[PDB]
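*Asks:* fold the stuff below for me.
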Amino acid sequence: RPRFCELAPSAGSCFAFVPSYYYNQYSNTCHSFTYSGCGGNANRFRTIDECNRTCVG
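*Replies:* Residues are numbered from 1 along each chain as shown. Below you will find the coordinate block:
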């Protein structure tokens, strides 16, 4: 799992509503979460297919 997938998606940076995908190493999977346009960190994905294929080892 690349370390970019374990980051904290800083959605509190600005007021936005863009539902995106989180990566959960603890359960070797991904799960939909809430993101923001501004701010955020790299663990955010647009689909579980990208999230799983790149970090679900």
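
*Asks:* residues contacting the closest residue to residue 47 other than its chain neighbours?
*Replies:* Leaving aside its sequence neighbours, residue 47 sits nearest to residue 21 (CB to CB, 6 or more residues apart in numbering; 6.3 Å). Using the backbone N, CA and C atoms, a C-beta is placed for each residue, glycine as well. With contacts taken as CB atoms under 8 Å, 6 or more residues apart in numbering, residue 21 has the following neighbours: 30, 31, 32, 33, 44, 45, 46, 47, 48, 50, 51.

*Asks:* narrow these to those that are buried.
*Replies:* Using 16 or more other CB atoms under 10 Å as the burial test, these include 30, 33, 44, 45, 48, 51 as buried.

*Asks:* can you tell me the element the residue nearest to residue 47 falls in?
*Replies:* Secondary structure assignment for residue 21, by DSSP states H and E: strand 18-24.

*Asks:* for residue 50, same thing?
*Replies:* Per DSSP H and E: helix 48-55 holds residue 50.

*Asks:* what packs against that helix?
*Replies:* On a contact count with 3 or more CB pairs under 8 Å, 6 or more residues apart in numbering; DSSP states H and E, helix 48-55 meets strand 18-24, strand 29-35.
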